Number of protein chains: 2
Amino acid sequence: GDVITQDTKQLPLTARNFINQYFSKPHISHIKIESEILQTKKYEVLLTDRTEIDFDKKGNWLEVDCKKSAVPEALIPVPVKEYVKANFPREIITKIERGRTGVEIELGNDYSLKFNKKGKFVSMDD
Amino acid sequence: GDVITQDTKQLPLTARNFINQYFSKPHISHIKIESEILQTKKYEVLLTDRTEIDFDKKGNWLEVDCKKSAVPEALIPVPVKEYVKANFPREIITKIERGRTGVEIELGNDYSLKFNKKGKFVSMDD
């Protein structure tokens with residue numbers, strides 16, 4: 001529900017005929033086209049150790065939330081793993097999310113860090 | 001995002017292998033399947049007389065909101081039209097919505113009335 005247009009040709013013939021038939025002043029002052037809300041996440045799995053994992057329709061993981069415990073080290077990319085072990089040695093990674101931009105990790109002290117696809121740092125927030 | 005299951009066979013093979021590979025205690029305590037959010041409304045049209053109309057992907061109207069003015073009488077089913085002219089003669093219909101259950105109308109005094117497909121009264125709220 002983001003695109004807006006003033007072009008009446010965009011609107012289906014049945015809709016245009018409906019407006020012209022039932023409304024006296026039938027001047028269309030813009031049309032909002034509801035873009036289909038396409039969700040990437042289809043599955044959400046809760047484990048017995050209370051850790052939650054989100055997967056897309058093909059079973060590829062998207063988010064791994066280990067709540068207040070540590071994310072298995074094998075899941076965290078080496079440059080990300082090494083950045084945290086250097087700049088935050090007092091802390092552990094509790095949540096990792098992967099997307100098209102890269103990877104976003106969350107620490108035990110609620111610091112969030114964003115890394116790109118190549119694995120180098122981008123930004124963070126306190 | 002409504003269905004929940006304890007059946008691991010529901011979850012894709014790639015997701016199941018991911019859990020078994022990276023997690024030591026990999027007991028899946030239920031899976032939430034995100035049911036696809038299928039929206040019936042695709043178009044929303046604003047007219048110059050400030051009245052708003054919502055249509056499905058095929059151009060069939062779903063809602064006609066004439067804000068504080070009257071809905072064109074030709075749009076309101078005759079049994080609905082006659083019910084209002086009888087029980088609410090001091091009032092006018094400002095909004096009409098059609099669905100699978102029937103029709104839901106809104107009056108100028110914010111009373112909402114619900115009618116079935118056959119056109120007879122069902123309920124209302126002050």
# chains A, B, ... in the order shown; residues from 1 in each chain; ligands from 1
$ select_by_dssp --residues "chain B" --states "strand (DSSP E)" --output "PyMOL selection string"
chain B and resi 3-5+28-33+41-47+52-56+61-65+93-98+102-107+112-116+121-125
$ interface_residues --of "chain A" --to "chain B" --cutoff "6 Å" --atoms "only C-alpha atoms" --output "list in words"
residues 12, 14, 15, 27, 28, 29, 31, 32, 33, 34, 42, 43, 44, 45, 46, 47, 48 and 59 of chain A
$ write_last_selection --atoms "N, CA, C and O atoms" --output "tab-separated table (two decimals), in the first residue's frame"
chain	number	residue	atom	x	y	z
A	12	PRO	N	-8.96	-0.86	-12.89
A	12	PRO	CA	-9.70	-1.78	-13.78
A	12	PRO	C	-10.99	-1.17	-14.33
A	12	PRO	O	-11.64	-0.34	-13.68
A	14	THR	N	-13.97	-2.39	-14.60
A	14	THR	CA	-15.16	-2.59	-13.77
A	14	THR	C	-15.23	-1.48	-12.70
A	14	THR	O	-16.31	-0.93	-12.49
A	15	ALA	N	-14.09	-1.11	-12.10
A	15	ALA	CA	-14.01	-0.05	-11.09
A	15	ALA	C	-14.35	1.33	-11.69
A	15	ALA	O	-15.14	2.07	-11.10
A	27	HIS	N	-14.94	12.70	-10.67
A	27	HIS	CA	-13.56	13.03	-10.99
A	27	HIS	C	-12.66	12.37	-9.97
A	27	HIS	O	-12.72	12.68	-8.78
A	28	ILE	N	-11.87	11.41	-10.45
A	28	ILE	CA	-10.92	10.65	-9.65
A	28	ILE	C	-9.72	11.55	-9.34
A	28	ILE	O	-8.96	11.92	-10.24
A	29	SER	N	-9.60	11.92	-8.06
A	29	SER	CA	-8.49	12.72	-7.56
A	29	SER	C	-7.52	11.76	-6.88
A	29	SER	O	-7.55	11.61	-5.66
A	31	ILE	N	-5.57	7.59	-7.20
A	31	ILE	CA	-5.79	6.16	-6.93
A	31	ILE	C	-4.60	5.63	-6.14
A	31	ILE	O	-3.46	5.87	-6.55
A	32	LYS	N	-4.84	4.91	-5.05
A	32	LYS	CA	-3.76	4.31	-4.27
A	32	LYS	C	-3.73	2.82	-4.59
A	32	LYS	O	-4.73	2.13	-4.37
A	33	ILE	N	-2.62	2.34	-5.17
A	33	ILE	CA	-2.51	0.92	-5.50
A	33	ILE	C	-1.81	0.25	-4.34
A	33	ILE	O	-0.68	0.61	-3.98
A	34	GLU	N	-2.50	-0.71	-3.73
A	34	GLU	CA	-2.01	-1.48	-2.60
A	34	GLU	C	-1.04	-2.53	-3.12
A	34	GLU	O	-1.46	-3.53	-3.71
A	42	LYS	N	8.32	-17.35	6.54
A	42	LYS	CA	7.15	-18.24	6.49
A	42	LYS	C	7.10	-19.13	7.74
A	42	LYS	O	6.01	-19.48	8.18
A	43	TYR	N	8.27	-19.51	8.30
A	43	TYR	CA	8.31	-20.38	9.48
A	43	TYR	C	9.03	-19.70	10.63
A	43	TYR	O	9.97	-18.95	10.40
A	44	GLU	N	8.58	-19.97	11.86
A	44	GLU	CA	9.17	-19.50	13.12
A	44	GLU	C	9.24	-20.70	14.04
A	44	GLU	O	8.21	-21.29	14.36
A	45	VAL	N	10.45	-21.09	14.44
A	45	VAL	CA	10.61	-22.30	15.25
A	45	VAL	C	11.12	-21.97	16.65
A	45	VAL	O	12.11	-21.25	16.81
A	46	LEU	N	10.44	-22.51	17.65
A	46	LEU	CA	10.85	-22.39	19.04
A	46	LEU	C	11.45	-23.70	19.47
A	46	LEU	O	10.86	-24.76	19.23
A	47	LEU	N	12.63	-23.65	20.10
A	47	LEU	CA	13.30	-24.84	20.58
A	47	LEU	C	13.04	-25.01	22.09
A	47	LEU	O	12.46	-24.12	22.72
A	48	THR	N	13.45	-26.15	22.65
A	48	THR	CA	13.28	-26.47	24.07
A	48	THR	C	14.20	-25.59	24.95
A	48	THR	O	13.85	-25.33	26.11
A	59	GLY	N	13.18	-22.72	3.64
A	59	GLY	CA	13.86	-23.25	4.81
A	59	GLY	C	15.19	-22.60	5.15
A	59	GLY	O	15.91	-23.09	6.03
$ closest_residue --among "B:82, B:2, B:7, B:63" --to "residue 119 (chain B)" --atoms "only C-alpha atoms"
B:82
$ calpha_fit_and_write --fixed "chain B" --moving "chain A" --output "short mmCIF file (atom, residue, chain, number, x, y, z; two decimals) with N, CA and C atoms, in the first residue's frame"
data_model
loop_
_atom_site.label_atom_id
_atom_site.label_comp_id
_atom_site.auth_asym_id
_atom_site.auth_seq_id
_atom_site.Cartn_x
_atom_site.Cartn_y
_atom_site.Cartn_z
N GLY A 1 -0.02 -15.75 9.87
CA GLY A 1 0.72 -16.16 11.06
C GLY A 1 -0.17 -16.66 12.17
N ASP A 2 -0.95 -17.72 11.88
CA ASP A 2 -1.94 -18.27 12.82
C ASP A 2 -1.71 -19.77 13.15
N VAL A 3 -1.38 -20.63 12.16
CA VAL A 3 -1.21 -22.09 12.36
C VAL A 3 0.07 -22.39 13.18
N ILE A 4 -0.04 -23.35 14.12
CA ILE A 4 1.03 -23.88 14.98
C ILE A 4 0.99 -25.42 14.86
N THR A 5 2.16 -26.07 14.84
CA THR A 5 2.26 -27.52 14.72
C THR A 5 3.48 -28.02 15.48
N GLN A 6 3.41 -29.27 15.97
CA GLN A 6 4.51 -29.91 16.68
C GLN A 6 5.22 -30.91 15.74
N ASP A 7 4.65 -31.12 14.52
CA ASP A 7 5.14 -32.03 13.48
C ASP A 7 6.35 -31.42 12.77
N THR A 8 7.50 -32.09 12.90
CA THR A 8 8.76 -31.62 12.33
C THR A 8 8.75 -31.80 10.80
N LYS A 9 7.99 -32.79 10.26
CA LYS A 9 7.88 -33.06 8.81
C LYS A 9 7.33 -31.84 8.02
N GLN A 10 6.62 -30.93 8.71
CA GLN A 10 6.01 -29.72 8.14
C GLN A 10 7.07 -28.72 7.70
N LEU A 11 8.15 -28.66 8.48
CA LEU A 11 9.29 -27.77 8.33
C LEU A 11 10.20 -28.26 7.18
N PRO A 12 10.64 -27.37 6.26
CA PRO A 12 11.49 -27.83 5.14
C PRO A 12 12.78 -28.49 5.60
N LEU A 13 13.26 -29.42 4.78
CA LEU A 13 14.48 -30.20 5.00
C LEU A 13 15.69 -29.29 5.31
N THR A 14 15.83 -28.15 4.59
CA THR A 14 16.97 -27.24 4.80
C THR A 14 16.90 -26.65 6.22
N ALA A 15 15.70 -26.29 6.69
CA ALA A 15 15.50 -25.74 8.04
C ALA A 15 15.81 -26.79 9.12
N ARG A 16 15.32 -28.04 8.95
CA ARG A 16 15.53 -29.15 9.88
C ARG A 16 17.00 -29.47 10.00
N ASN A 17 17.74 -29.50 8.87
CA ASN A 17 19.18 -29.78 8.83
C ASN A 17 19.96 -28.65 9.49
N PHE A 18 19.50 -27.40 9.35
CA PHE A 18 20.12 -26.24 9.97
C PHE A 18 20.07 -26.36 11.50
N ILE A 19 18.90 -26.69 12.06
CA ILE A 19 18.70 -26.86 13.51
C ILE A 19 19.60 -27.99 14.03
N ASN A 20 19.58 -29.16 13.38
CA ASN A 20 20.37 -30.33 13.77
C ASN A 20 21.88 -30.11 13.67
N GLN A 21 22.33 -29.26 12.73
CA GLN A 21 23.76 -29.00 12.51
C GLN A 21 24.35 -28.03 13.55
N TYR A 22 23.67 -26.90 13.82
CA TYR A 22 24.16 -25.82 14.66
C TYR A 22 23.66 -25.83 16.12
N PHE A 23 22.67 -26.65 16.48
CA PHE A 23 22.18 -26.62 17.86
C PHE A 23 22.34 -28.00 18.55
N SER A 24 23.00 -28.00 19.76
CA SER A 24 23.32 -29.18 20.59
C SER A 24 22.06 -29.90 21.11
N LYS A 25 21.12 -29.16 21.74
CA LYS A 25 19.83 -29.68 22.20
C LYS A 25 18.82 -29.24 21.14
N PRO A 26 18.69 -30.01 20.03
CA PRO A 26 17.86 -29.53 18.92
C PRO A 26 16.44 -30.10 18.95
N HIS A 27 15.76 -29.97 20.10
CA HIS A 27 14.39 -30.45 20.20
C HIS A 27 13.44 -29.31 19.89
N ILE A 28 12.74 -29.45 18.76
CA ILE A 28 11.77 -28.47 18.27
C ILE A 28 10.52 -28.57 19.14
N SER A 29 10.27 -27.53 19.94
CA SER A 29 9.09 -27.41 20.78
C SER A 29 8.13 -26.48 20.06
N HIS A 30 7.45 -27.02 19.03
CA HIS A 30 6.46 -26.42 18.13
C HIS A 30 7.12 -25.47 17.07
N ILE A 31 6.42 -25.34 15.93
CA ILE A 31 6.69 -24.56 14.71
C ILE A 31 5.47 -23.70 14.42
N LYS A 32 5.67 -22.40 14.16
CA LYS A 32 4.56 -21.52 13.81
C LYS A 32 4.63 -21.27 12.30
N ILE A 33 3.59 -21.69 11.56
CA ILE A 33 3.58 -21.48 10.12
C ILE A 33 2.83 -20.19 9.86
N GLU A 34 3.53 -19.24 9.24
CA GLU A 34 2.99 -17.93 8.90
C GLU A 34 2.11 -18.08 7.66
N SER A 35 0.78 -18.10 7.88
CA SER A 35 -0.19 -18.19 6.78
C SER A 35 -0.11 -16.90 5.98
N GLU A 36 -0.02 -17.02 4.65
CA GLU A 36 0.13 -15.86 3.77
C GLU A 36 -1.07 -14.90 3.93
N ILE A 37 -0.73 -13.64 4.28
CA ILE A 37 -1.61 -12.48 4.49
C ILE A 37 -2.15 -12.04 3.11
N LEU A 38 -3.24 -12.72 2.67
CA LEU A 38 -3.91 -12.49 1.38
C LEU A 38 -4.98 -11.40 1.53
N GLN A 39 -4.65 -10.19 1.04
CA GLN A 39 -5.51 -9.00 1.09
C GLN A 39 -6.44 -8.99 -0.11
N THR A 40 -7.74 -8.80 0.14
CA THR A 40 -8.76 -8.76 -0.91
C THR A 40 -8.71 -7.39 -1.62
N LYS A 41 -8.57 -6.29 -0.85
CA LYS A 41 -8.47 -4.91 -1.34
C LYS A 41 -7.14 -4.66 -2.06
N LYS A 42 -7.17 -4.15 -3.31
CA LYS A 42 -5.96 -3.81 -4.06
C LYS A 42 -5.96 -2.32 -4.44
N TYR A 43 -7.14 -1.72 -4.67
CA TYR A 43 -7.22 -0.31 -5.06
C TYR A 43 -8.07 0.47 -4.06
N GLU A 44 -7.69 1.74 -3.83
CA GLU A 44 -8.39 2.70 -2.99
C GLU A 44 -8.48 4.00 -3.77
N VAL A 45 -9.69 4.45 -4.08
CA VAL A 45 -9.85 5.63 -4.93
C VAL A 45 -10.47 6.79 -4.15
N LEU A 46 -9.84 7.95 -4.24
CA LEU A 46 -10.36 9.18 -3.65
C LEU A 46 -10.93 10.03 -4.76
N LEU A 47 -12.15 10.53 -4.57
CA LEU A 47 -12.79 11.39 -5.56
C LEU A 47 -12.64 12.86 -5.15
N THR A 48 -13.02 13.78 -6.04
CA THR A 48 -12.95 15.22 -5.80
C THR A 48 -13.97 15.68 -4.74
N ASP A 49 -15.10 14.94 -4.58
CA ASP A 49 -16.11 15.26 -3.57
C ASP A 49 -15.73 14.59 -2.21
N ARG A 50 -14.42 14.27 -2.06
CA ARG A 50 -13.73 13.69 -0.90
C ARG A 50 -14.23 12.26 -0.53
N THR A 51 -15.14 11.66 -1.33
CA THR A 51 -15.66 10.31 -1.03
C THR A 51 -14.61 9.27 -1.48
N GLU A 52 -14.36 8.26 -0.63
CA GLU A 52 -13.38 7.19 -0.85
C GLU A 52 -14.07 5.85 -1.17
N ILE A 53 -13.54 5.10 -2.17
CA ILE A 53 -14.05 3.79 -2.61
C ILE A 53 -12.90 2.77 -2.63
N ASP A 54 -13.12 1.56 -2.09
CA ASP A 54 -12.09 0.50 -2.07
C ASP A 54 -12.52 -0.63 -3.00
N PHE A 55 -11.62 -1.09 -3.89
CA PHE A 55 -11.92 -2.15 -4.85
C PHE A 55 -10.93 -3.32 -4.78
N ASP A 56 -11.40 -4.56 -5.09
CA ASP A 56 -10.52 -5.73 -5.14
C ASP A 56 -9.71 -5.72 -6.45
N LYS A 57 -8.78 -6.69 -6.62
CA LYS A 57 -7.89 -6.78 -7.80
C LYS A 57 -8.68 -6.80 -9.14
N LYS A 58 -9.93 -7.32 -9.15
CA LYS A 58 -10.77 -7.40 -10.36
C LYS A 58 -11.65 -6.13 -10.59
N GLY A 59 -11.53 -5.13 -9.71
CA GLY A 59 -12.27 -3.88 -9.83
C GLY A 59 -13.65 -3.87 -9.20
N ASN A 60 -14.01 -4.94 -8.45
CA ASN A 60 -15.30 -5.03 -7.75
C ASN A 60 -15.22 -4.20 -6.48
N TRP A 61 -16.18 -3.28 -6.25
CA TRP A 61 -16.13 -2.43 -5.07
C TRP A 61 -16.31 -3.26 -3.81
N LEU A 62 -15.75 -2.79 -2.70
CA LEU A 62 -15.79 -3.46 -1.40
C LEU A 62 -16.35 -2.53 -0.34
N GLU A 63 -15.95 -1.26 -0.38
CA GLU A 63 -16.40 -0.24 0.55
C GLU A 63 -16.62 1.08 -0.18
N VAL A 64 -17.67 1.81 0.20
CA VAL A 64 -18.00 3.13 -0.32
C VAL A 64 -18.22 4.01 0.89
N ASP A 65 -17.26 4.91 1.17
CA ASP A 65 -17.34 5.85 2.29
C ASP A 65 -17.58 7.24 1.75
N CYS A 66 -18.77 7.79 1.99
CA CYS A 66 -19.13 9.13 1.53
C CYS A 66 -18.92 10.15 2.67
N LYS A 67 -18.08 9.77 3.66
CA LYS A 67 -17.64 10.54 4.82
C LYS A 67 -18.87 10.99 5.66
N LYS A 68 -19.39 12.23 5.45
CA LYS A 68 -20.52 12.78 6.20
C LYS A 68 -21.72 13.06 5.28
N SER A 69 -21.57 12.79 3.97
CA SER A 69 -22.63 12.95 2.97
C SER A 69 -23.33 11.57 2.76
N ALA A 70 -24.40 11.52 1.95
CA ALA A 70 -25.17 10.29 1.74
C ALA A 70 -24.62 9.42 0.60
N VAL A 71 -24.66 8.09 0.81
CA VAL A 71 -24.27 7.06 -0.16
C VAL A 71 -25.36 7.02 -1.25
N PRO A 72 -25.01 7.04 -2.57
CA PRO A 72 -26.06 6.98 -3.62
C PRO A 72 -27.00 5.80 -3.40
N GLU A 73 -28.31 6.10 -3.27
CA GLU A 73 -29.40 5.17 -2.95
C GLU A 73 -29.36 3.89 -3.83
N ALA A 74 -28.96 4.01 -5.12
CA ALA A 74 -28.89 2.90 -6.07
C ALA A 74 -27.93 1.78 -5.61
N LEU A 75 -26.98 2.09 -4.72
CA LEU A 75 -25.98 1.15 -4.20
C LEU A 75 -26.45 0.32 -3.02
N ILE A 76 -27.41 0.84 -2.27
CA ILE A 76 -27.92 0.19 -1.07
C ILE A 76 -29.03 -0.81 -1.46
N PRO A 77 -28.90 -2.10 -1.06
CA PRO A 77 -29.96 -3.08 -1.36
C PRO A 77 -31.31 -2.62 -0.81
N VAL A 78 -32.39 -2.85 -1.58
CA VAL A 78 -33.76 -2.42 -1.27
C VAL A 78 -34.16 -2.83 0.18
N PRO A 79 -34.03 -4.11 0.66
CA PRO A 79 -34.45 -4.41 2.05
C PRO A 79 -33.70 -3.56 3.10
N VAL A 80 -32.39 -3.29 2.87
CA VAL A 80 -31.53 -2.45 3.73
C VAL A 80 -32.05 -1.01 3.68
N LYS A 81 -32.25 -0.47 2.45
CA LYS A 81 -32.77 0.87 2.19
C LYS A 81 -34.09 1.10 2.95
N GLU A 82 -35.02 0.13 2.85
CA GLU A 82 -36.34 0.16 3.49
C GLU A 82 -36.26 0.03 5.01
N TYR A 83 -35.28 -0.73 5.55
CA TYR A 83 -35.10 -0.90 7.00
C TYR A 83 -34.72 0.43 7.64
N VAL A 84 -33.78 1.15 7.00
CA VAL A 84 -33.29 2.44 7.46
C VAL A 84 -34.40 3.49 7.33
N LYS A 85 -35.09 3.58 6.18
CA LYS A 85 -36.19 4.53 5.96
C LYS A 85 -37.32 4.35 7.00
N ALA A 86 -37.44 3.14 7.58
CA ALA A 86 -38.46 2.82 8.57
C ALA A 86 -37.97 3.10 10.01
N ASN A 87 -36.91 2.39 10.47
CA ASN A 87 -36.38 2.47 11.83
C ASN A 87 -35.48 3.71 12.07
N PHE A 88 -34.91 4.33 11.02
CA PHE A 88 -34.05 5.52 11.20
C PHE A 88 -34.41 6.58 10.15
N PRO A 89 -35.62 7.19 10.19
CA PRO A 89 -35.98 8.17 9.14
C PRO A 89 -35.26 9.51 9.30
N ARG A 90 -34.77 9.81 10.52
CA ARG A 90 -34.04 11.04 10.82
C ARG A 90 -32.58 10.96 10.34
N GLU A 91 -32.13 9.76 9.92
CA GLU A 91 -30.74 9.52 9.54
C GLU A 91 -30.57 9.14 8.06
N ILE A 92 -29.30 9.25 7.58
CA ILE A 92 -28.83 8.93 6.23
C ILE A 92 -27.63 7.94 6.32
N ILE A 93 -27.41 7.14 5.26
CA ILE A 93 -26.31 6.16 5.19
C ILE A 93 -25.08 6.88 4.63
N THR A 94 -23.97 6.88 5.40
CA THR A 94 -22.72 7.56 5.03
C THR A 94 -21.66 6.59 4.50
N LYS A 95 -21.76 5.30 4.86
CA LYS A 95 -20.78 4.30 4.44
C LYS A 95 -21.46 2.93 4.29
N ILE A 96 -21.10 2.22 3.21
CA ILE A 96 -21.58 0.87 2.92
C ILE A 96 -20.37 0.02 2.57
N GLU A 97 -20.35 -1.18 3.13
CA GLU A 97 -19.31 -2.17 2.88
C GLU A 97 -19.98 -3.48 2.53
N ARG A 98 -19.49 -4.19 1.50
CA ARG A 98 -20.05 -5.49 1.15
C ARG A 98 -18.97 -6.57 1.30
N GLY A 99 -19.38 -7.71 1.84
CA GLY A 99 -18.52 -8.86 2.07
C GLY A 99 -19.23 -10.17 1.79
N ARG A 100 -18.60 -11.27 2.21
CA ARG A 100 -19.15 -12.61 2.02
C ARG A 100 -20.36 -12.84 2.97
N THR A 101 -20.34 -12.25 4.19
CA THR A 101 -21.42 -12.40 5.19
C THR A 101 -22.68 -11.61 4.78
N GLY A 102 -22.49 -10.51 4.05
CA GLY A 102 -23.57 -9.65 3.58
C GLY A 102 -23.14 -8.21 3.33
N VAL A 103 -23.79 -7.27 4.03
CA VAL A 103 -23.55 -5.83 3.91
C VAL A 103 -23.52 -5.19 5.32
N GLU A 104 -22.59 -4.25 5.54
CA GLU A 104 -22.47 -3.49 6.78
C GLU A 104 -22.54 -2.01 6.45
N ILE A 105 -23.56 -1.33 6.98
CA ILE A 105 -23.77 0.10 6.71
C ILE A 105 -23.50 0.91 7.96
N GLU A 106 -23.08 2.15 7.75
CA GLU A 106 -22.80 3.13 8.80
C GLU A 106 -23.69 4.35 8.53
N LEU A 107 -24.36 4.84 9.59
CA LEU A 107 -25.25 6.01 9.54
C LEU A 107 -24.50 7.27 9.97
N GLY A 108 -25.11 8.44 9.76
CA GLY A 108 -24.53 9.73 10.13
C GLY A 108 -24.25 9.92 11.60
N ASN A 109 -24.99 9.20 12.47
CA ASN A 109 -24.89 9.24 13.93
C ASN A 109 -23.94 8.14 14.47
N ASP A 110 -23.10 7.58 13.58
CA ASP A 110 -22.07 6.56 13.84
C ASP A 110 -22.68 5.18 14.24
N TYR A 111 -24.00 4.96 14.05
CA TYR A 111 -24.60 3.63 14.25
C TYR A 111 -24.15 2.71 13.14
N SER A 112 -23.71 1.49 13.45
CA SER A 112 -23.37 0.54 12.39
C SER A 112 -24.41 -0.57 12.39
N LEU A 113 -24.90 -0.96 11.21
CA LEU A 113 -25.91 -2.01 11.06
C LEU A 113 -25.39 -3.09 10.13
N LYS A 114 -25.62 -4.37 10.47
CA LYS A 114 -25.16 -5.50 9.67
C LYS A 114 -26.36 -6.28 9.13
N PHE A 115 -26.38 -6.53 7.81
CA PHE A 115 -27.42 -7.27 7.09
C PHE A 115 -26.78 -8.48 6.38
N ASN A 116 -27.55 -9.57 6.17
CA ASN A 116 -27.02 -10.78 5.52
C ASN A 116 -27.16 -10.67 3.98
N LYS A 117 -26.71 -11.71 3.23
CA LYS A 117 -26.74 -11.76 1.76
C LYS A 117 -28.17 -11.62 1.23
N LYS A 118 -29.15 -12.28 1.90
CA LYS A 118 -30.57 -12.23 1.54
C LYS A 118 -31.15 -10.82 1.76
N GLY A 119 -30.45 -9.99 2.55
CA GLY A 119 -30.82 -8.61 2.82
C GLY A 119 -31.57 -8.32 4.10
N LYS A 120 -31.76 -9.33 4.98
CA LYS A 120 -32.47 -9.07 6.23
C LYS A 120 -31.45 -8.74 7.33
N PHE A 121 -31.90 -7.95 8.32
CA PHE A 121 -31.14 -7.48 9.48
C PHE A 121 -30.51 -8.64 10.27
N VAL A 122 -29.33 -8.39 10.86
CA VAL A 122 -28.60 -9.36 11.66
C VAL A 122 -28.30 -8.73 13.04
N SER A 123 -27.52 -7.63 13.07
CA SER A 123 -27.14 -6.93 14.31
C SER A 123 -26.81 -5.45 14.05
N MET A 124 -26.52 -4.71 15.14
CA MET A 124 -26.11 -3.31 15.11
C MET A 124 -25.35 -2.98 16.39
N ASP A 125 -24.71 -1.79 16.45
CA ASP A 125 -24.02 -1.32 17.66
C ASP A 125 -24.05 0.24 17.71
N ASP A 126 -24.40 0.77 18.92
CA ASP A 126 -24.52 2.20 19.24
C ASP A 126 -23.16 2.90 19.20
#
$ select_by_dssp --residues "chain A" --states "helix (DSSP H, G or I)" --output "ChimeraX atom specification"
/A:8-10,13-22,73-75,78-87
$ decode --residues "region 38-54 of chain A" --atoms "N, CA and C atoms" --output "PDB file, in the first residue's frame"
ATOM      1  N   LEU A  38       4.397  -8.861   0.451  1.00  0.00           N
ATOM      2  CA  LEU A  38       5.140 -10.110   0.244  1.00  0.00           C
ATOM      3  C   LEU A  38       6.147 -10.315   1.388  1.00  0.00           C
ATOM      4  N   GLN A  39       5.794 -11.228   2.321  1.00  0.00           N
ATOM      5  CA  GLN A  39       6.580 -11.573   3.508  1.00  0.00           C
ATOM      6  C   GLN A  39       7.596 -12.649   3.149  1.00  0.00           C
ATOM      7  N   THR A  40       8.865 -12.419   3.513  1.00  0.00           N
ATOM      8  CA  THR A  40       9.956 -13.352   3.240  1.00  0.00           C
ATOM      9  C   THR A  40       9.893 -14.517   4.252  1.00  0.00           C
ATOM     10  N   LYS A  41       9.641 -14.214   5.546  1.00  0.00           N
ATOM     11  CA  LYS A  41       9.509 -15.182   6.644  1.00  0.00           C
ATOM     12  C   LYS A  41       8.216 -16.006   6.515  1.00  0.00           C
ATOM     13  N   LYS A  42       8.319 -17.352   6.537  1.00  0.00           N
ATOM     14  CA  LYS A  42       7.151 -18.237   6.491  1.00  0.00           C
ATOM     15  C   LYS A  42       7.103 -19.130   7.741  1.00  0.00           C
ATOM     16  N   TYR A  43       8.266 -19.510   8.300  1.00  0.00           N
ATOM     17  CA  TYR A  43       8.306 -20.383   9.479  1.00  0.00           C
ATOM     18  C   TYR A  43       9.033 -19.702  10.632  1.00  0.00           C
ATOM     19  N   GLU A  44       8.578 -19.967  11.863  1.00  0.00           N
ATOM     20  CA  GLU A  44       9.168 -19.498  13.118  1.00  0.00           C
ATOM     21  C   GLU A  44       9.244 -20.697  14.045  1.00  0.00           C
ATOM     22  N   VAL A  45      10.453 -21.093  14.444  1.00  0.00           N
ATOM     23  CA  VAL A  45      10.611 -22.301  15.245  1.00  0.00           C
ATOM     24  C   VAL A  45      11.118 -21.967  16.646  1.00  0.00           C
ATOM     25  N   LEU A  46      10.438 -22.507  17.652  1.00  0.00           N
ATOM     26  CA  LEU A  46      10.853 -22.385  19.036  1.00  0.00           C
ATOM     27  C   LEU A  46      11.454 -23.703  19.470  1.00  0.00           C
ATOM     28  N   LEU A  47      12.627 -23.645  20.097  1.00  0.00           N
ATOM     29  CA  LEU A  47      13.300 -24.841  20.583  1.00  0.00           C
ATOM     30  C   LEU A  47      13.040 -25.009  22.087  1.00  0.00           C
ATOM     31  N   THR A  48      13.446 -26.154  22.648  1.00  0.00           N
ATOM     32  CA  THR A  48      13.280 -26.465  24.070  1.00  0.00           C
ATOM     33  C   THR A  48      14.202 -25.592  24.950  1.00  0.00           C
ATOM     34  N   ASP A  49      15.347 -25.115  24.403  1.00  0.00           N
ATOM     35  CA  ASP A  49      16.266 -24.242  25.146  1.00  0.00           C
ATOM     36  C   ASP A  49      15.816 -22.759  24.984  1.00  0.00           C
ATOM     37  N   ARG A  50      14.515 -22.564  24.642  1.00  0.00           N
ATOM     38  CA  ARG A  50      13.772 -21.308  24.475  1.00  0.00           C
ATOM     39  C   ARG A  50      14.320 -20.418  23.320  1.00  0.00           C
ATOM     40  N   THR A  51      15.318 -20.894  22.536  1.00  0.00           N
ATOM     41  CA  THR A  51      15.874 -20.095  21.431  1.00  0.00           C
ATOM     42  C   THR A  51      14.914 -20.186  20.222  1.00  0.00           C
ATOM     43  N   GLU A  52      14.660 -19.038  19.574  1.00  0.00           N
ATOM     44  CA  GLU A  52      13.754 -18.905  18.429  1.00  0.00           C
ATOM     45  C   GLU A  52      14.531 -18.673  17.120  1.00  0.00           C
ATOM     46  N   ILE A  53      14.112 -19.356  16.021  1.00  0.00           N
ATOM     47  CA  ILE A  53      14.718 -19.264  14.680  1.00  0.00           C
ATOM     48  C   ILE A  53      13.621 -18.960  13.640  1.00  0.00           C
ATOM     49  N   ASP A  54      13.861 -18.005  12.726  1.00  0.00           N
ATOM     50  CA  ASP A  54      12.888 -17.660  11.677  1.00  0.00           C
ATOM     51  C   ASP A  54      13.443 -18.082  10.317  1.00  0.00           C
TER      52      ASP A  54
END
